Ligand SMILES: O=C(O)C[C@H](OC(=O)/C=C/c1ccc(O)cc1)[C@@H](OC(=O)/C=C/c1ccc(O)cc1)C(=O)O
Ligand SMILES: O=C(O)C[C@H](OC(=O)/C=C/c1ccc(O)cc1)[C@@H](OC(=O)/C=C/c1ccc(O)cc1)C(=O)O
């Protein structure tokens, strides 16, 4: 049908059809009389997988012979989503499979919807890891993603009576055709025990052993025949575990609980022992595997020439002392040489400045679970503080501020400080965030070791986030400038010469409308909800957090409603306001925010005077596959975090690439987006980081805003009195109290400028041609925000490897 | 190589080689550079499986179109063993695959050893179920095995310091290529709750739901292209189970523990709640599935014309009240019609008379777990006792003896009584056992309903137990009489005309010696133990139990040792005494018996005066795959249970088919074996059932034997004083005390006749030609003990179906 989806040749379509029938018969044990739609999805998955594995084996052979420097990306989260369409896109198979399945009497898009998301992440951090794997393979780097194969990923969210309900995400129920178990690489991991000191150094003895069994998933580059590996570890009890008999067998679950479930916290630290066991489990098994592979290539001087380890946040921070443990205790290297190797091998990426997200583990936990690692951490700390003391003599307070050990009620280990000391590079994820790191939280560390600090602005993969989810837009672009931009997103600048092109303007607006019609239909089918496809699609999708300020959005929605009620026969640009995202199960305030949203919807959506001029919808179960649907249908992207709180954002970049305009604060990567596109092509409002600091020094008083803004006052009174909760008038008392007396994120302070800025958006939308021209200017300047650019910078400036766009033979 | 293993044609070998290479590459993602031996086994397994599935789909199509009466074999145990070789044998593929793998540079026998046993059974009862599935498919019956997919089967036994140690049998670690998950047939099973009475009958409400997910395994008939289905249920928690969040997810294990582990008790009842949950789980899911399939063929009058349910022991006895529950509570049939259907549908096979093996569930357990089923059982009991009262008026004690409810300290339900009342047929498993049922334990029931009681003597499948494990013997037989006997074992009688044939005599003895040499080599390779292959192979393999009297064997071994020590330079027929079998983990006395055996071995095997005239070996980890090795190498089969205790035995039949002679008591199927072969061709000794009864009435006094038999006295003194345990002189005090004061199985009473009979065995073995002629007379008369005969009798006399040896088209 469309060009970017590849060729549908006679030979290929015929071959695909027969392999599909072979898998249906031999693999699935079905025929066309008894096959379920799920059987048809699996037959297709297995057919496409056949094309992957040939390239998989020769990629691993290639790396084995060439022996390049290997990149190890360590993450507790890989937010992968669905695999089928992505694989077809990167193998140029999509049109062929579409034709082949059509000829078999099947709809391929219907089959695609049967695949479960691999939801092994919470939000931005986990999805970044997934975009990274894609870019590393597309750029021909010998890279491996290492994580945990959670049995249950992020929970499925159901909305019941307006409340979030959680259910288990049993994503492996029907099986995963993409993974391959590798029990020959099963490795022991140790916990508890104690430390013995002998003539020849320390020994960690009397430990409980848990086995780590790897499962490999292929990661295909874009049309270069490169297929990299993501290795995920599963926890297994040894066969003599606890070995009355029956109970001993049932208690195996205790060891195997390590890989059972993903902690559903986004940007929030929860200091639970099971979480620590997960962090050590992935680190211990991975490092053993890395070393095995290095040895099967004695000389550890060359270790950093052949290995790079990237730590995605502090979650895998135990890699630093674990590498020291292995080098010192097992390999018998002296401390100083082991440390040189460790530092040169490791690098650390910081994802947030929020204090509640920082990992600070109680010493008593590490003392019981990992007694040897505590000793190593203490020794790392001693030697590090000796260097600080020599550089800044007499500065006793610096010493206490930089210590990896925090004193107080309970002693804690600061894992960020451990990471900085043990890494040769530390990076933030957007320019403003990286500057904040040098100026505030890691200022002392930057003064000691300035060379260590870098910026690597985040990116997203244009394969999943353009070609896959928005084929219509990728096609009208390729008609003008060709296909090369897909793996070289900077080429989108060539679209600037089409900003006055009336044909192109018409096509861009046409693609958007098609996307909006298709999403409006999806809502009626799956969720029985009616919306006007001619209204402005106003969308905020991301995890529910106070710092992301879904509440600010709520205040605007209510403002519009009250304005309509006051002047009903006055014209307003119609809007569909869509808000979606999951709240962490223990995050009470985030759960109340969801309830507020739906409660606003209950009043707004059923007021006869409003009509179809304003609709408020909560998008249930927001996840990667839903993002692929809603993002291409958006007109307006809400990126409204308080300045200084969102380290980067990546959802923002997804919306920019797909033809939505942005309303946002000068925060995270919004700053660089506005810089690329030009400030006039962006809807910027609110306090800058500097204004927030000014307000903090003065003291934030929310009452002042309530007293001076009558419209804001009306909203607070509506909330307090029970306008949005008739049967439970005090339902939202926690929200009001928080807004009035302890709002860390200054919602009221940005209200006036937000409402005013929203008016400017409505004004532009009234002029379709000028809306679309501004859109074209955004799409055309989004090239910087490709993760191919991000990864190339990591490769050159951190890992010391050169990327390659050169094909491997098919 | 050998004829019975089928044709190795040019077209077939070429096709097998390319599919093997296809699976290695595409399925396993390997090439010849990186493949492990385990990868090679899996490539072969997947290649052979391809040939199965085609026949599988058309067998299920056949049954769907013809709509025959379906046989449902309900068992908590299916002791299947390995599947690869069995599949090749039944598909006539063995020689072809042997050639194909040879040409690829691989040894097929080495690959076969990599497959894990499916050890989902304890002993005789579970292995019978497996032989039955094989015969039902070979005889073209539309039969389904229904059970539980245990994650851990019977434990792997390790012998450490002479003691049994247990380890988890993680048989699914590497995956099972034979099974197919069928999540479209996932069914809810209910537990706990309470009973509500409405206008329209009772309702079972407020229940905990556990999901049952089926896994199907193919069961191929012998060269008839019939492939039946074994469906095994796996326990799954629903996705909203217990839905802080993390703990709720981790607690899913509570529901899923139902299918976790097989209870390792052989002929012993353990009244634990988890075991009851297993029994209900398999019954509830199966009956729902049976009914679904019946409806997808309203009219339940015809239900018994289309369905037979066979209960393997009382383990699935809850099928009776569950069928009543479904028919009465859900389908709204009146009690009397529901009951007529139930009785006509169900039949019950009893496997033992031992009181400690009988299932008697505490009423308080059923009251909490299954409140509705208790009500139904009480109502079944009331109506049943009303019939007894009418048939035997005034006989108040009969009423209490026949009641399904047992009174006392704790009220219990007698599940055997439930089975008899709710079944149209009740059978024992050998003629003597069936007579004992009518005369003793079920005498009252037989007087009420004589027509209900039948015999169905057990059998074994000649495919696994001759062709597969003893190809050498199957081949010399086929040379004389053809191949037809393999599915018609009676034809073995034709071998009687070869008893004086000097060529045949030589070949039989040649096959045995080859088997003994191969097993002697297996012992040195896998267990580093040296044995003389020219000695008489004296073997007792079976579960360790007091009733099976491994202890009697031990007394004989010690007698031989003491006789050698007394007269060292006197000639004795050399023996290798092999004893093997698992003890239930909580069975203390069985564990002591194992320790005694190894302790005897420690003394005997290292006495220089003994030499290679006597060796005592404990065969570790006895299981189906080990049975396939040791049985063809045996000269002497020990079948020495106290008369009246072993209901049938099946190991006895395995040894008879494979050219070993039998020393045994007139117990179980030994009686019919001796009858078939002729008493002169069997080594019979000891008390008959009648002699045991005489001794019981008089009072068994072990002291009498100790006082009158000096040799027996010496052994007891050796045991007591510490001759076999120097460092722990009192180690075997429990055994001696049991033998002297509370031996339920009268070991001393059969000692004299046993030793004397053993002398007659040694005498015959001195004359190879006459030994072999007696062997030929055993093999030639073993035809009755084919499970094809057993199943044909079940089919005609219980299930009301006609077997068919007619091929389906390939
Ligand atoms: O990168 C991955 O996805 C997994 C690694 O795979 C490989 O390195 C495979 C190398 C290879 C593949 C195919 C060949 O024909 C030669 C070498 C795996 O390594 C191996 O499995 C290596 C196997 C092997 C290589 C060479 C040899 O002589 C024997 C076995 C690992 O380190 O986990
Ligand atoms: O016996 C088994 O091993 C499983 C049963 O399989 C079958 O009965 C299959 C029947 C069949 C197989 C192939 C055909 O072309 C037609 C019918 C299965 O039944 C089905 O899956 C039936 C599927 C089906 C039959 C007819 C129809 O029109 C739709 C679906 C069951 O009852 O568990």
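Shown for chain A, in order and in Swiss-Prot numbering: 13-255, 262-315, 325-837.
So how was this one determined? The header says X-ray crystallography, 2.2 Å.
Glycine residues also receive a Cβ, built from the backbone N, Cα and C atoms like all the rest.
In Swiss-Prot, the entry for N6-(pyridoxal phosphate)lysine among A:295, A:681, A:783 corresponds to A:681.
For residue A:430 (phosphoserine), other Cβ atoms within 10 Å of its Cβ number 17. In the deposited model, 6 residues go unmodelled between residue A:255 and residue A:262, whose Cα atoms sit 9 Å apart. A distance of 53 Å separates the Cα atom of residue A:514 (phosphoserine) from that of residue A:747 (phosphoserine). According to DSSP, residue A:204 (phosphotyrosine) sits in a coil region rather than a helix or strand. Here residue A:473 (phosphotyrosine) comes close to A:464, A:465, A:479, A:480: these same-chain residues lie at least six apart in sequence, with C-beta atoms under 8 angstroms from its C-beta. When the recorded positions A:109, A:204, A:430, A:681, A:748 are ranked by how far their Cα is from the Cα of residue A:143 (site 'Involved in the association of subunits'), A:681 comes first. Across the fold, the C-alpha of residue A:227 (phosphotyrosine) and the C-alpha of residue A:747 (phosphoserine) stand 53 Å from each other. Spatially, by CA atoms, the recorded positions A:15, A:109, A:204, A:747, A:748 include one closest to residue A:681 (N6-(pyridoxal phosphate)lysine), and that is A:15. Take the Cα of residue A:747 (phosphoserine) and measure to each of the recorded positions A:15, A:109, A:204: the nearest one is A:204. Using CA atoms as reference points, the recorded positions A:15, A:109, A:156, A:204, A:430 were checked against residue A:748 (phosphoserine), and the closest is A:430. Comparing Cα positions, residue A:109 (site 'Involved in the association of subunits') lies closest to A:15 out of the modified residues A:15, A:204, A:430. Distance noted between the C-alpha atoms of residue A:430 (phosphoserine) and residue A:204 (phosphotyrosine) is 25 Å.
All protein chains considered, the CB of residue A:109 (site 'Involved in the association of subunits') has 28 other CB atoms within 10 Å. Other C-beta atoms found within 10 angstroms of the C-beta of residue A:227 (phosphotyrosine) number 17, with every protein chain shown included.
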